[PDB]
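The next block is query02.pdb, given as PDB, C-alpha atoms (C1' of nucleotides).
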MODEL        1
ATOM      1  CA  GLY A 364      -4.938  -2.967 -26.544
ATOM      2  CA  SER A 365      -3.606  -6.521 -26.445
ATOM      3  CA  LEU A 366      -2.183  -6.084 -22.942
ATOM      4  CA  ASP A 367      -2.367  -7.861 -19.583
ATOM      5  CA  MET A 368      -3.263  -4.918 -17.340
ATOM      6  CA  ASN A 369      -6.137  -4.085 -19.687
ATOM      7  CA  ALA A 370      -7.375  -7.692 -19.752
ATOM      8  CA  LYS A 371      -7.151  -8.547 -16.048
ATOM      9  CA  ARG A 372      -8.961  -5.273 -15.419
ATOM     10  CA  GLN A 373     -11.739  -6.100 -17.872
ATOM     11  CA  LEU A 374     -12.308  -9.693 -16.819
ATOM     12  CA  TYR A 375     -11.612  -9.421 -13.081
ATOM     13  CA  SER A 376     -12.492  -5.745 -12.580
ATOM     14  CA  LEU A 377     -15.282  -5.433 -15.159
ATOM     15  CA  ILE A 378     -16.497  -9.006 -14.634
ATOM     16  CA  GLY A 379     -16.426 -11.364 -11.661
ATOM     17  CA  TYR A 380     -18.319 -10.996  -8.396
ATOM     18  CA  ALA A 381     -19.412 -12.757  -5.209
ATOM     19  CA  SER A 382     -21.686 -15.051  -7.214
ATOM     20  CA  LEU A 383     -20.871 -17.004 -10.371
ATOM     21  CA  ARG A 384     -17.192 -17.813 -10.881
ATOM     22  CA  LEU A 385     -15.098 -18.041 -14.054
ATOM     23  CA  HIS A 386     -11.723 -19.799 -14.189
ATOM     24  CA  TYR A 387      -8.744 -20.307 -16.496
ATOM     25  CA  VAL A 388      -7.452 -23.766 -17.350
ATOM     26  CA  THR A 389      -4.009 -24.091 -18.938
ATOM     27  CA  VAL A 390      -3.322 -27.175 -21.063
ATOM     28  CA  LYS A 391      -0.536 -27.828 -23.569
ATOM     29  CA  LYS A 392       2.517 -29.949 -24.357
ATOM     30  CA  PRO A 393       5.375 -27.543 -23.500
ATOM     31  CA  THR A 394       8.616 -28.471 -25.242
ATOM     32  CA  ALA A 395      12.111 -27.080 -24.741
ATOM     33  CA  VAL A 396      12.319 -25.794 -28.324
ATOM     34  CA  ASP A 397       8.647 -25.908 -29.331
ATOM     35  CA  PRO A 398       6.418 -24.377 -26.624
ATOM     36  CA  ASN A 399       2.623 -24.139 -26.503
ATOM     37  CA  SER A 400       0.042 -22.906 -23.969
ATOM     38  CA  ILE A 401      -3.770 -22.983 -24.235
ATOM     39  CA  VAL A 402      -6.031 -21.340 -21.659
ATOM     40  CA  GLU A 403      -9.720 -22.111 -21.264
ATOM     41  CA  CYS A 404     -11.628 -19.123 -19.919
ATOM     42  CA  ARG A 405     -14.937 -20.599 -18.783
ATOM     43  CA  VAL A 406     -17.637 -19.617 -16.287
ATOM     44  CA  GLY A 407     -19.398 -21.487 -13.475
ATOM     45  CA  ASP A 408     -22.402 -22.279 -15.691
ATOM     46  CA  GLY A 409     -19.944 -24.058 -17.982
ATOM     47  CA  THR A 410     -19.411 -21.377 -20.601
ATOM     48  CA  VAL A 411     -16.052 -21.111 -22.382
ATOM     49  CA  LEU A 412     -15.271 -17.902 -24.241
ATOM     50  CA  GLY A 413     -11.650 -16.997 -23.593
ATOM     51  CA  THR A 414      -9.395 -19.560 -25.276
ATOM     52  CA  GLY A 415      -5.863 -18.266 -25.647
ATOM     53  CA  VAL A 416      -3.341 -20.601 -27.244
ATOM     54  CA  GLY A 417       0.091 -19.031 -27.589
ATOM     55  CA  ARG A 418       3.700 -20.153 -27.912
ATOM     56  CA  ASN A 419       4.666 -19.739 -24.256
ATOM     57  CA  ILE A 420       2.848 -19.608 -20.935
ATOM     58  CA  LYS A 421       2.547 -15.816 -20.763
ATOM     59  CA  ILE A 422       1.092 -15.125 -24.184
ATOM     60  CA  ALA A 423      -1.301 -17.873 -23.215
ATOM     61  CA  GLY A 424      -2.373 -16.063 -20.075
ATOM     62  CA  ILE A 425      -2.587 -12.668 -21.766
ATOM     63  CA  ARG A 426      -3.915 -14.249 -24.987
ATOM     64  CA  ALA A 427      -6.830 -15.964 -23.253
ATOM     65  CA  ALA A 428      -7.736 -12.783 -21.402
ATOM     66  CA  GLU A 429      -7.566 -10.810 -24.644
ATOM     67  CA  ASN A 430      -9.725 -13.441 -26.349
ATOM     68  CA  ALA A 431     -12.565 -12.721 -23.931
ATOM     69  CA  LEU A 432     -11.885  -8.973 -23.961
ATOM     70  CA  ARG A 433     -12.870  -9.208 -27.636
ATOM     71  CA  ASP A 434     -16.440  -9.833 -26.475
ATOM     72  CA  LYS A 435     -16.855  -6.474 -24.744
ATOM     73  CA  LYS A 436     -20.591  -6.569 -25.505
ATOM     74  CA  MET A 437     -20.457  -9.882 -23.663
ATOM     75  CA  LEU A 438     -18.461  -8.615 -20.693
ATOM     76  CA  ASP A 439     -20.979  -5.810 -20.239
ATOM     77  CA  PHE A 440     -23.904  -8.184 -20.644
ATOM     78  CA  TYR A 441     -22.288 -10.184 -17.852
ATOM     79  CA  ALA A 442     -21.715  -7.022 -15.852
ATOM     80  CA  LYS A 443     -25.412  -6.144 -15.981
ATOM     81  CA  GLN A 444     -25.957  -9.817 -15.199
ATOM     82  CA  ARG A 445     -23.856  -9.876 -12.035
ATOM     83  CA  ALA A 446     -25.791  -6.781 -10.989
ATOM     84  CA  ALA A 447     -29.250  -7.800 -12.191
ATOM     85  CA  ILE A 448     -28.945 -10.987 -10.131
ATOM     86  CA  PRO A 449     -31.722 -11.141  -7.492
ATOM     87  CA  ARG A 450     -29.106 -12.109  -4.901
ATOM     88  CA  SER A 451     -30.395 -15.655  -4.444
ATOM     89  CA  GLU A 452     -30.410 -19.200  -5.819
ATOM     90  CA  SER A 453     -33.765 -20.977  -5.548
TER      91      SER A 453
ATOM     92  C1'   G B   1      27.219 -15.224 -22.531
ATOM     93  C1'   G B   2      22.025 -13.891 -24.902
ATOM     94  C1'   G B   3      17.152 -16.473 -24.447
ATOM     95  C1'   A B   4      12.817 -19.992 -23.153
ATOM     96  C1'   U B   5       9.916 -23.558 -20.602
ATOM     97  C1'   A B   6       9.491 -25.929 -15.666
ATOM     98  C1'   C B   7      10.029 -25.467 -10.219
ATOM     99  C1'   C B   8      10.868 -23.296  -5.166
ATOM    100  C1'   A B   9      11.600 -18.993  -1.866
ATOM    101  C1'   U B  10      10.280 -14.063  -2.203
ATOM    102  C1'   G B  11       9.518  -9.137  -3.861
ATOM    103  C1'   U B  12       8.652  -5.091  -7.104
ATOM    104  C1'   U B  13       5.351  -2.606  -9.820
ATOM    105  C1'   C B  14       1.786  -1.348 -13.193
ATOM    106  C1'   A B  15      -2.912   0.918 -14.058
ATOM    107  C1'   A B  16      -5.591   4.375 -11.284
ATOM    108  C1'   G B  17     -10.853   2.987 -14.968
ATOM    109  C1'   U B  18      -9.587  -0.752 -10.148
ATOM    110  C1'   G B  19      -7.667  -5.363 -10.465
ATOM    111  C1'   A B  20      -3.528  -8.293 -11.744
ATOM    112  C1'   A B  21       1.235  -9.924 -13.961
ATOM    113  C1'   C B  22       6.166 -10.212 -14.314
ATOM    114  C1'   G B  23      10.618  -9.846 -12.317
ATOM    115  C1'   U B  24      14.696 -11.836  -9.428
ATOM    116  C1'   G B  25      18.157 -15.671  -6.960
ATOM    117  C1'   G B  26      19.416 -20.654  -7.859
ATOM    118  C1'   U B  27      18.797 -25.959 -10.067
ATOM    119  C1'   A B  28      17.808 -28.318 -14.923
ATOM    120  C1'   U B  29      16.913 -29.486 -20.041
ATOM    121  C1'   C B  30      17.243 -27.393 -24.388
ATOM    122  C1'   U B  31      18.583 -23.546 -27.720
ATOM    123  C1'   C B  32      21.143 -19.684 -30.158
TER     124        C B  32
ENDMDL
END
Please, can you express the file's structure as structure tokens?
Amino acid sequence: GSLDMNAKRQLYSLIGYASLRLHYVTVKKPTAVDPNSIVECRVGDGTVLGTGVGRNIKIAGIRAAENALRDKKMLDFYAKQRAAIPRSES
RNA sequence: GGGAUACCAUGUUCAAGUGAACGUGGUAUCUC
């Protein structure tokens, strides 16, 4: 595992729909010699699960995704969630 | 000259589960 394609597919393909909405926030103090990149993978309801903090920007992106991908049971739960939804708000 | 972050213009391709990332041209710091 530990790959982009696999992650983006899981999170975006497996999870994510018309409703809800999860994002990725990148925060770090990137230095010429010493680089760092954290990524907060949260969801509309304010739930953070995918936190990938690597050395560069990429590993951060792919690291965060992978972090969430570690919660397969969660991704599925969400999947059934996005489907179970009664297609409404109030 | 090898490499990395950052930025701007733009494109390829990977998977084939289905959706996305990097590359590349050049500027710049730094680094080896």
Mind giving me the axis-aligned box for segment 396-409 of chain A with 4 Å on every side, centre plus edges in Å to one decimal, as lines of an AutoDock Vina configuration file?
center_x = -5.0
center_y = -22.5
center_z = -21.4
size_x = 42.7
size_y = 14.8
size_z = 23.9
Tell me which protein, DNA and RNA residues are within 12 Å of segment 19-30 of chain B, counting only C-alpha atoms (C1' of nucleotides), leaving out same-chain ones fewer than 2 positions away, and put them as a PyMOL selection string. (chain A and resi 366-379+393-398+420-422+424-425+428) or (chain B and resi 3-17+32)
Suppose you want the space between atom CA of residue 434 of chain A and atom CA of residue 412 of chain A; what is it in Å? 8.5 Å
What's the separation between atom CA of residue 429 of chain A and atom CA of residue 448 of chain A, in Å to one decimal place?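 So the answer is 25.8 Å.
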With all atoms listed in the file as the counted atoms, please give the residues lying no more than 9 Å from residue 384 of chain A, apart from itself and same-chain residues fewer than 2 positions off, as a list in words.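 Neighbouring residues, sequence-local ones excluded: residues 379, 380, 381, 382, 386, 405, 406, 407 and 408 of chain A.
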Just the selected residues (C-alpha atoms), exported as a PDB file, in the coordinates of the input, please.
ATOM      1  CA  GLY A 379     -16.426 -11.364 -11.661  1.00  0.00           C
ATOM      2  CA  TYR A 380     -18.319 -10.996  -8.396  1.00  0.00           C
ATOM      3  CA  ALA A 381     -19.412 -12.757  -5.209  1.00  0.00           C
ATOM      4  CA  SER A 382     -21.686 -15.051  -7.214  1.00  0.00           C
ATOM      5  CA  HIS A 386     -11.723 -19.799 -14.189  1.00  0.00           C
ATOM      6  CA  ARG A 405     -14.937 -20.599 -18.783  1.00  0.00           C
ATOM      7  CA  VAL A 406     -17.637 -19.617 -16.287  1.00  0.00           C
ATOM      8  CA  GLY A 407     -19.398 -21.487 -13.475  1.00  0.00           C
ATOM      9  CA  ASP A 408     -22.402 -22.279 -15.691  1.00  0.00           C
TER      10      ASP A 408
END
Which residues, named as in the file, does the PyMOL selection byres ((chain A and resi 437) around 12) pick out? Answer as a ChimeraX atom specification. /A:373-374,377-378,410,412-413,430-436,438-444
Do you have the atom CA of residue 417 of chain A-atom CA of residue 365 of chain A distance handy? 13.1 Å
What do you get, as a list in words, if you spell out every residue that the PyMOL selection byres ((chain A and resi 391) around 6) selects here?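 On the file shown, the PyMOL selection byres ((chain A and resi 391) around 6) covers residues 390, 392, 393, 399, 400 and 401 of chain A.
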